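Below you'll find the structure, written out as structure tokens, and then a few comments.
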Amino acid sequence: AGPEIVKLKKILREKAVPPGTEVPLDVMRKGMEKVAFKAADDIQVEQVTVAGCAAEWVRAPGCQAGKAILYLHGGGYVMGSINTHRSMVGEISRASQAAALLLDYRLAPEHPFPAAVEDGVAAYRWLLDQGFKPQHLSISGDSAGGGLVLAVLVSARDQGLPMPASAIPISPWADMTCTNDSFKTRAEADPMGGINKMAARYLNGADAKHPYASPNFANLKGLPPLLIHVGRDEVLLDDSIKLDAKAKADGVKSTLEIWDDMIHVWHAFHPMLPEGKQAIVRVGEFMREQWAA
């Protein structure tokens with residue numbers, strides 16, 4: 001365990017809201033916004049509108065023309081924005097030498113499931129319509145957005161859309177039931193009831209085992225190669241271990257990497273965490289690997 005994770009872990013526990021205090025949604029929304037890291041200042045950005053949602057193209061130096069990432073941000077389907085995620089996506093754009101399409105898809109509870117999925121399938125459609133070739137495309141996302149990547153892949157496939165060259169779920173939430181062992185097993189280690197309220201807000205009485213809400217229950221047959229990142233010290237470890245096994249079973253090329261000592265979407269702490277940067281370099285490597293194949 002490197003010094004930085006030890007310290008980041010301390011700071012997160014020190015800063016945390018006490019266990020079982022219920023923080024209103026607009027208060028989690030404002031705080032996620034206020035604490036967001038600024039994107040590096042060589043990240044360029046262009047505001048676009050895509051399938052009715054605000055988005056930004058997010059281009060680091062060195063982007064190959066014609067390549068793109070549909071990027072789906074985390075936040076439990078209730079919170080998160082282009083702004084909360086510009087930083088880490090800018091760095092994923094740097095690593096993969098591809099510009100990122102950063103979608104501001106519809107959030108619950110104002111827009112429950114399957115709104116988010118519709119926004120992603122439609123953003124991907126939009127990309128193909130602009131003339132990106134599926135083989136020049138990748139879809140990445142974190143937390144809820146990592147589940148969404150998978151939900152978008154399944155929905156797009158069922159709608160006859162072509163699969164992209166690759167997909168990279170980071171710390172995917174792929175199971176709205178939240179019943180996995182790791183919720184108990186990895187509980188102390190994870191510095192990071194609150195997740196249940198999110199599922200409840202997103203689903204709005206939908207079946208929690210609906211394939212497009214909970215892709216760990218979907219038929220993944222025909223999805224492109226997967227890089228799954230997850231941290232050993234997270235409550236969502238199991239979502240990723242089961243995703244990998246479902247993918248493998250379903251004939252999908254999956255590579256799961258459990259990084260030891262790491263927390264939920266530790267990529268996002270790349271400014272002070274060497275593994276955050278390292279895990280991002282590796283997402284860009286795997287994207288680039290898959291585009292060369």
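Order determines the names: the first chain of the structure tokens is A, the second B, and so forth; residues in each chain are numbered 1 upward, and ligands are numbered 1 upward as they are shown.
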Check your understanding: What lies within 8 Å of residue 46 of chain A using only C-alpha atoms, ignoring chain neighbours under 3 positions off, as a ChimeraX atom specification?
Key -> /A:56-58
How would the residues just chosen look if you wrote them out with C-alpha atoms as a short mmCIF file (atom, residue, chain, number, x, y, z; two decimals), in the first residue's frame?
data_model
loop_
_atom_site.label_atom_id
_atom_site.label_comp_id
_atom_site.auth_asym_id
_atom_site.auth_seq_id
_atom_site.Cartn_x
_atom_site.Cartn_y
_atom_site.Cartn_z
CA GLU A 56 -18.70 18.06 -24.44
CA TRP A 57 -16.07 16.74 -26.75
CA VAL A 58 -13.07 16.47 -24.56
#
Please identify every residue of segment 182-241 of chain A that has at least one atom no farther than 10 Å from an atom of segment 18-27 of chain A, counting only C-alpha atoms, and for each give the shortest atom pair and the distance in Å to one decimal, arranged by chain then increasing number, as a Markdown table.
| residue | atom | partner | partner_atom | distance |
| --- | --- | --- | --- | --- |
| A:193 | CA | A:20 | CA | 7.2 |
| A:194 | CA | A:22 | CA | 7.7 |
| A:197 | CA | A:22 | CA | 9.7 |
| A:198 | CA | A:25 | CA | 9.8 |
**Study point:** DSSP strand (DSSP E or B) selection over segment 158-255 of chain A, as JSON, numbers by chain
**Key:** {"A": [166, 167, 168, 169, 170, 226, 227, 228, 229, 230, 231, 254, 255]}
Write the residues of the preceding selection, restricted to N, CA, C and O atoms, as a PDB file, in the first residue's frame.
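Saved as again-v9.pdb:
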ATOM      1  N   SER A 166     -14.367  -1.870 -28.468  1.00  0.00           N
ATOM      2  CA  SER A 166     -14.023  -2.100 -27.082  1.00  0.00           C
ATOM      3  C   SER A 166     -14.984  -1.417 -26.110  1.00  0.00           C
ATOM      4  O   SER A 166     -15.775  -0.537 -26.487  1.00  0.00           O
ATOM      5  N   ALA A 167     -14.933  -1.849 -24.847  1.00  0.00           N
ATOM      6  CA  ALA A 167     -15.688  -1.234 -23.785  1.00  0.00           C
ATOM      7  C   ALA A 167     -14.929  -1.392 -22.467  1.00  0.00           C
ATOM      8  O   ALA A 167     -14.347  -2.450 -22.184  1.00  0.00           O
ATOM      9  N   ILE A 168     -14.939  -0.340 -21.662  1.00  0.00           N
ATOM     10  CA  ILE A 168     -14.180  -0.304 -20.416  1.00  0.00           C
ATOM     11  C   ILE A 168     -15.053   0.221 -19.251  1.00  0.00           C
ATOM     12  O   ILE A 168     -15.165   1.396 -19.032  1.00  0.00           O
ATOM     13  N   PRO A 169     -15.704  -0.686 -18.544  1.00  0.00           N
ATOM     14  CA  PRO A 169     -16.363  -0.317 -17.272  1.00  0.00           C
ATOM     15  C   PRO A 169     -15.386  -0.123 -16.118  1.00  0.00           C
ATOM     16  O   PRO A 169     -14.609  -1.005 -15.797  1.00  0.00           O
ATOM     17  N   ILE A 170     -15.456   1.025 -15.470  1.00  0.00           N
ATOM     18  CA  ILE A 170     -14.594   1.262 -14.351  1.00  0.00           C
ATOM     19  C   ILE A 170     -15.385   1.178 -13.030  1.00  0.00           C
ATOM     20  O   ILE A 170     -16.254   2.001 -12.820  1.00  0.00           O
ATOM     21  N   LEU A 226     -13.870  -6.441 -23.371  1.00  0.00           N
ATOM     22  CA  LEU A 226     -14.084  -5.686 -22.121  1.00  0.00           C
ATOM     23  C   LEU A 226     -12.821  -5.586 -21.293  1.00  0.00           C
ATOM     24  O   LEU A 226     -12.159  -6.583 -21.101  1.00  0.00           O
ATOM     25  N   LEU A 227     -12.502  -4.389 -20.802  1.00  0.00           N
ATOM     26  CA  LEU A 227     -11.533  -4.223 -19.727  1.00  0.00           C
ATOM     27  C   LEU A 227     -12.369  -3.792 -18.563  1.00  0.00           C
ATOM     28  O   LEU A 227     -12.999  -2.760 -18.629  1.00  0.00           O
ATOM     29  N   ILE A 228     -12.386  -4.585 -17.488  1.00  0.00           N
ATOM     30  CA  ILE A 228     -13.059  -4.188 -16.259  1.00  0.00           C
ATOM     31  C   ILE A 228     -12.004  -3.796 -15.238  1.00  0.00           C
ATOM     32  O   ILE A 228     -11.124  -4.585 -14.908  1.00  0.00           O
ATOM     33  N   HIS A 229     -12.073  -2.563 -14.758  1.00  0.00           N
ATOM     34  CA  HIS A 229     -11.268  -2.122 -13.611  1.00  0.00           C
ATOM     35  C   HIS A 229     -12.144  -2.157 -12.385  1.00  0.00           C
ATOM     36  O   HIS A 229     -13.302  -1.785 -12.436  1.00  0.00           O
ATOM     37  N   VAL A 230     -11.598  -2.599 -11.267  1.00  0.00           N
ATOM     38  CA  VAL A 230     -12.314  -2.527  -9.995  1.00  0.00           C
ATOM     39  C   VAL A 230     -11.257  -2.504  -8.915  1.00  0.00           C
ATOM     40  O   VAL A 230     -10.167  -2.934  -9.177  1.00  0.00           O
ATOM     41  N   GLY A 231     -11.568  -2.026  -7.706  1.00  0.00           N
ATOM     42  CA  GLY A 231     -10.573  -1.985  -6.611  1.00  0.00           C
ATOM     43  C   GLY A 231     -10.827  -3.135  -5.675  1.00  0.00           C
ATOM     44  O   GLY A 231     -11.978  -3.506  -5.437  1.00  0.00           O
ATOM     45  N   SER A 254     -13.354 -10.838 -22.014  1.00  0.00           N
ATOM     46  CA  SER A 254     -13.213 -10.026 -20.831  1.00  0.00           C
ATOM     47  C   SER A 254     -11.797 -10.111 -20.229  1.00  0.00           C
ATOM     48  O   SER A 254     -11.260 -11.218 -20.139  1.00  0.00           O
ATOM     49  N   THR A 255     -11.226  -8.968 -19.797  1.00  0.00           N
ATOM     50  CA  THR A 255     -10.068  -8.910 -18.885  1.00  0.00           C
ATOM     51  C   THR A 255     -10.461  -8.100 -17.655  1.00  0.00           C
ATOM     52  O   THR A 255     -10.678  -6.871 -17.732  1.00  0.00           O
TER      53      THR A 255
END
Point to revise | Shell of 7 Å around residue 163 of chain A, only C-alpha atoms, local chain residues under 6 positions omitted, as a list in words | key: residues 134, 157, 223 and 224 of chain A
Residue subset to file, keeping C-alpha atoms, as a PDB file, in the first residue's frame:
ATOM      1  CA  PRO A 134     -17.848   1.246 -34.961  1.00  0.00           C
ATOM      2  CA  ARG A 157     -27.177  -4.827 -29.906  1.00  0.00           C
ATOM      3  CA  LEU A 223     -20.347  -7.583 -26.940  1.00  0.00           C
ATOM      4  CA  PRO A 224     -16.839  -6.398 -27.891  1.00  0.00           C
TER       5      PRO A 224
END
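One finds atom CA of residue 245 of chain A at 29.3 Å from atom CA of residue 107 of chain A.
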